[PDB]
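# Structure assessment
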Amino acid sequence: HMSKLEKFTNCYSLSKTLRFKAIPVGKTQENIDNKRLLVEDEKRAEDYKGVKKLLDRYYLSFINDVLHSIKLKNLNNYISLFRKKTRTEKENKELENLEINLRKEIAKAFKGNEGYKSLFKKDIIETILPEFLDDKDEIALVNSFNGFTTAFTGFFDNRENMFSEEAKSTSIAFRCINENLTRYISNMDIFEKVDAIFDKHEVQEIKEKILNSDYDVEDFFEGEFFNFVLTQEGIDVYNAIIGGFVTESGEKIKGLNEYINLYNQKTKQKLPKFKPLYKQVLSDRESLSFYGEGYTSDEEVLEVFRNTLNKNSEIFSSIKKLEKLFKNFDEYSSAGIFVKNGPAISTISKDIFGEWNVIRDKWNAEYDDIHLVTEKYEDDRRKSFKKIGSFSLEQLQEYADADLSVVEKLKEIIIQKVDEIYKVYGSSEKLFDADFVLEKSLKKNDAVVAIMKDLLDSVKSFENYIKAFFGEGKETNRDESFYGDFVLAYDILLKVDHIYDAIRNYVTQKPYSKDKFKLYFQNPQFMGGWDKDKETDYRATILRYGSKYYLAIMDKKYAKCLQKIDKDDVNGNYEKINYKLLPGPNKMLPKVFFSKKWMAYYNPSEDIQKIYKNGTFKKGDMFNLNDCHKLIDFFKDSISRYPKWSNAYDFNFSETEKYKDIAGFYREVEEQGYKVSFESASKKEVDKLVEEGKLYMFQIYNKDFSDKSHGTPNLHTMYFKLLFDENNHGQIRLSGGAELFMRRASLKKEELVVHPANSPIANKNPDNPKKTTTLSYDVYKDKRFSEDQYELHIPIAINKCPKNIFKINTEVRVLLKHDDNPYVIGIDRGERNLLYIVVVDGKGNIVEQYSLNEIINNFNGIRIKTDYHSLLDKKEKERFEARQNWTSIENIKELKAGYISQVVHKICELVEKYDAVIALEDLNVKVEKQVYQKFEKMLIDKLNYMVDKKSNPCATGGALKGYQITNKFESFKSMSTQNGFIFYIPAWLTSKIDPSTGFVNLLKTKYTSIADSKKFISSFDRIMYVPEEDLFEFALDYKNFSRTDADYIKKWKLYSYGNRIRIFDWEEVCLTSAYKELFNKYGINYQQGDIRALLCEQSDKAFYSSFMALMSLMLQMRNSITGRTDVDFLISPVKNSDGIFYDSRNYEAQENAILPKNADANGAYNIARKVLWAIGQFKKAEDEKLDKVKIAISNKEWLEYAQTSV
RNA sequence: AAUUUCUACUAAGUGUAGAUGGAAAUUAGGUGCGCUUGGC
DNA sequence: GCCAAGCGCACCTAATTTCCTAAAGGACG
DNA sequence: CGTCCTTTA
Ligand SMILES: [Mg+2]
Ligand SMILES: [Mg+2]
Ligand code: NA
Ligand code: NA
Ligand code: NA
């Protein structure tokens, strides 16, 4: 037979972009320089972005006029049905209609206005925007695009999107109804649960400062009020209710979420918080919070820094004022110096005793002396402690051990902090002195920011320690000889708060960086397309000479200069492209044949018009197959009379009777409405056109076109050549919409790292036995960015006319059903491994297993191993430390992309080698360490058109016949748990499971009560010591425990076998010995057969807490250390059918292993097996019902699968 | 350490291997730090 | 030491939309 | 009436 892969070619179409360098040839550059086309094009890009901004001012005005005047009708019905918890399938459809009607309501409000049509035509530039604007300069900018408004076509599409009624991400209607109305209704539910919590005063504060006293806070949680929140102005008010704002004085006014969090933290509860609404499309309103003016120049920051933080500055004297205050502590009453309860006490507690909570513990101990252990008790103790407003230093002294003195320690600390400020000055006298001027800009001067930040840091650290000694403020007996002075020095120390923020907010800006700009050559529709009839209008074509391809651009004054070039019958010739496209027959045939021009020459019958004007062919409620054939016949005869087409594409249509619908005919026109060929044109004469500057010529270039290129080309190079290859029968088409850019040089060449000619360069690969390379030319780092570069972007279309049309998912289920031995590739996001791969066959035998932390490659017999796990971790640390240091933050997305491109390649190779399907975790780690989402996207992308560059283009899986084994990637939003060959399955207990028996830990073993522990110990069939094995044995029937019904075997004998890694820091624990130590601590005769009743007689709560913890470690099969690839073992407390305990460390040691080599490998293995279970589920089902099989294995089903396979 | 671009390279000497859907628009997320009020 | 709710500033990242056109139509000299 | 920009399906 064939493979399953073989059936997945020519399934659906997609577009890609091929990118190239464009290299000016001959006098092209000089002529561009003389005519000044690049300064023209660079300025146009600046002005173009300016007109878009002005256009947006109008659109936002138009959006607000409409939205401010809209009352949504379907509103109460929608909200009522949206909540109702017993929605039948009828009611779900009903709710869907009201959601549509609400979006239609908004969209019609926009599209209703007069001249809504005019918003996306030249009228808005030439007329409407000039009237709306006032500034004579802004007007002149808009007016400079008269005769160039075609250049805004795409921007106008971007703007129309905003007014779509569709449930689409860029639509205002979508943002109002699908997102903000959904969040608003969710908040109404939250408001009814949470309402009891807010006191009258808190509610009135928001009403007064947030609402202006014009509404009640309850208003914004009633349905009828949603209209208020359709505009940004309203959203901002709503979100202030939720989140509060910062006043002009800096006071943080609290919103509802703050009050919910405080209530939760006060009462140990978990009330839900409100979701804020998203922004309205195209708005930009000021924050309702006040933030002070920030510095703006390298000069001003240096001024503020030297002014306010020099030794003569006041801030400095307050520090010494405060050090003298503490140094003479004994001249002040320690009964009158107060540390406010809260974070100040936490700080002083750590500073003096080593931990934040020591003072609370000493206070709790004294409370216990009077009142002493219920939860009632601890909660009363907490409430009594939280009532205390502050602690005196004298009181603090009574908590100190006999040897420690509290007031001496405070002196010692403040001494240590002022010293550290001096240490930092010792490196900063240079930045301060009058002579100093700076070399590089602060945003790029690392050495000067580190001086500033280290001094700023040392002052902040002193400030926060000082703040602890303020107290509550209103204590009665507080020493004012200390506090009058303290408050004076502290209040000027606070000056550093605005300085610190303002300096940080400036110095951490990335410096500006210019972007490339589009070139138009004075054509508002430049290079829009390649049809020969349009060459004059677009003024751009493609030429070929030998292996080399060229972009040819006709100067505006010489639009016809190329057409006039005949073939040279003797000398050399360029091959000029001859390109014909009939684009989109479903729009192009109506367009011309029902036009004023054509209906003149050739009148359709009144019947044809009526069939078309009413849509009797569209395959809808009014579909009429006889009418569809009559219309097709009119197009056909119109086509024979339209020479521009019938001559270009000698059409060959099926007889009309054979068409089932109008698309059946349109697909024939579309498949034949495309031809590419070459004519000859005199090289001498074409080159003279470039000489005289009537033609501009660029070589279409990447490194594979170099005469020194001799290896496998890039895939994209192959795509580009195949566009013009005779063996390409339409699988890859050249598309319109090409664009040309100028990217100005961004590096200076004399500042690039150079490896000089004739001097040996070190090779970096340690496996490369050739330690050195010596070249006869210079090699420059990032050379390409040290010159101006043209780049050409060329869209292409792949499988424009697909023929293998079927539901991809269904075909996969059908092929698997009838496959004797299907291979699954299990892929797991592990703890110690970015990705882990295990391949299984149809019977679940492991065929390959390895980590993808490192990528292996081999070329010319040379191995290269790239440790990407290490590279990414290095990069994450550089980014983390740069954020904390105010230094440059390096990119990581390219490194993840480069890593994942290697992963994807390896998986495509596994898919092709083993004809295999792919099993993934159905996600429904820490964000910067994450890699899996990018890996999904790039893998799905590749499987939309999967090519092996090594294959012949025309072979299955070659560049003309790519495999399409995932559905066309529209969005993550629209994905199910199957995307062709990729199955997403529940990850539940795929890693934390014994692969050799299926045993899983279903016990709750976190310590709770002494009687709970008794119950837990009593539920085991027996506990005993096994002397012949030196093991403790725990016989259990799962049916005697809560939360158990998922397990299938039920009866297990757990043994204290082996070691475990305890985490808390980490330490190795030997179970049997730890048990023995525990029982011996308490005089338990653990040899006394069944020790169960003996264990329950213990009364010390510390026995049971220690016992439950040992039980936990025993059921902890997964044992790993953070930062250790090599300590990730899986060990079972259960014996298999032959008396053996599964230890992954047995398998990690062997080259090929029957069972998982570690816990992350175990995850990939069982993810794969959950898909094997689903393949077995397709087999039980009949073909016509295959797309109804639930591929998600239930928990109980998995425990039975995993415990029975073995 | 060269690139349409990216990642790893030097790969036998102006490059090697793999990947690469671009443009525009909208919007969201995350990290870090400061401040406010709180919890452990 | 860690953390929550909220505000602010700086930075980097990424999801989801649209187009990937020749020819009719017309404003303009 | 030719050319160049805009609008259409
Ligand atoms: Mg190559
Ligand atoms: Mg590099
Ligand atoms: Na796309
Ligand atoms: Na944001
Ligand atoms: Na943040």
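Positions are assigned from 1 on a per-chain basis following the written sequence, which can diverge from the numbering of the entry; residues without coordinates are not listed. Both sets of labels track the order of writing: A upward for chains, 1 upward for ligands. The side-chain figures draw on all heavy atoms in the structure; neither hydrogens nor water molecules are used. Residues with missing side-chain atoms are left out of burial classes, side-chain pairs and their counts.

The deposited coordinates for this entry were obtained by X-ray crystallography, with a reported resolution of 2.500 Å.

Attention shifts here to the protein's contact with DNA strand D. In the neighbourhood of DNA strand D, 15 residues make up the surrounding shell, with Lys122, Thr149, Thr150, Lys556 and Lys591 lying closest. The contact in question runs from a phosphate oxygen of DNA strand D to an N or O atom on the backbone of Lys122, over 2.8 Å. Each polar contact in these results corresponds to two N or O atoms within 3.5 Å; when the atoms are within protein, one needs to be able to donate a hydrogen and the other to accept it, and residues that are neighboring in sequence are counted only if both atoms are side-chain atoms. Note that a phosphate oxygen of DNA strand D is positioned 3.1 Å from one of the side-chain N or O atoms of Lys556. At 3 residues, helix 24 (residues 585-593) tops the list of elements feeding residues into the surface near DNA strand D. Consider each residue's heavy atoms; a residue with any of them within 4 Å of a molecule or strand counts as near. Each helix corresponds to a stretch of at least 4 residues labelled H or I by DSSP, and each strand to a stretch of at least 2 residues labelled E; elements are numbered beginning at the N terminus.

Our next topic: unusual backbone geometry. A negative phi angle characterises most non-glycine residues, just as the trans form characterises most peptide bonds. One non-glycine residue, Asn10, lies in the positive phi region at around 50°. Mapped onto the elements of the fold, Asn10 is located in the segment before strand 1 (14-24). Phi at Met527 takes a positive value of approximately 50°, unusual for a residue other than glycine. With respect to the element layout, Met527 can be found in the loop between strand 6 (517-518) and helix 23 (535-538). Three labels apply to residues, based on accessible area from a 1.4 Å probe with only protein chains included: buried if under 20% of the type maximum, exposed if over 50%, partly exposed otherwise in between. Given a relative accessible area of 0%, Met527 falls into the buried group.

This part takes up helix 13 (residues 314-327). Side chains that are three or four residues apart share a direction in an α-helix, a result of its 3.6 residues per turn. Here helix 13 is 14 residues long and its end C-alpha atoms lie 20 Å apart, about the 20 Å a rise of 1.5 Å per residue gives. Where helix 13 begins, the side chain of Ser313 points an oxygen toward the backbone nitrogen of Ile315, at a separation of 3.1 Å. Helix span, expected: 1.5 Å multiplied by one less than the number of residues in the helix.

As a further point, take the side chain of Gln964. Structurally, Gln964 is set in the loop between helix 35 (932-944) and strand 25 (978-979). A polar contact of 3.1 Å, which involves the side chain of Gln964, links it to the side chain of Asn799. Among the polar contacts made by the side chain of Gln964, one reaches the main-chain carbonyl oxygen of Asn944 at a distance of 2.8 Å. By definition, residues are in contact when any of their heavy atoms lie within 4.5 Å. Every residue in contact with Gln964, bar those within four places of it in the chain, is listed here: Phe8, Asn10, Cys11, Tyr12, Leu14, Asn799, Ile808, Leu943, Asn944 and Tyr945.

Let us look at the environment of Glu429. Assignment of secondary structure puts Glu429 in helix 19 (residues 429-432). Along the primary structure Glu429 and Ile451 are separated by 22 residues, whereas in three dimensions their C-alpha atoms are 9.9 Å apart.

Between N-to-C directions, angles cover 0 to 180 degrees, with each direction set by a line fitted to C-alpha atoms, over the stretch in contact for helices. Where helix 15 (residues 358-371) meets helix 16 (residues 375-386), the axes come as close as 11 Å, and the angle between the chain directions of the two elements is 115°. The crossing of helix 15 and helix 16 is right-handed. Taken together, the residues of helix 16 that come into contact with helix 15 (itself represented by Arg360, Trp363, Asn364, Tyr367, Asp368 and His371) are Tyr377, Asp380, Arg381, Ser384 and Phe385. Residues belonging to the contact of helix 15 with helix 16 are distributed by class as follows: 4 nonpolar, 3 polar and 4 charged. Whether a crossing is left-handed or right-handed is set by the direction in which the near helix is turned from the far one by less than a right angle, anticlockwise for left-handed and clockwise for right-handed. Residues are grouped as follows: nonpolar covers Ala, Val, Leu, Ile, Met, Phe, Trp, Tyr, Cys and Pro; charged covers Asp, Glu, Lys and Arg; every other residue, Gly included, is treated as polar.

Right, let's talk about the environment of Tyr490 for a bit. Structurally, the position occupied by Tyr490 is in helix 21 (residues 480-493). Here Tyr490 falls in the buried class, since its relative accessible area comes to 9%. Remark: the alpha-carbon pair of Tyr490 and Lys467, spanning 23 residues in sequence, is separated by 7.7 Å.

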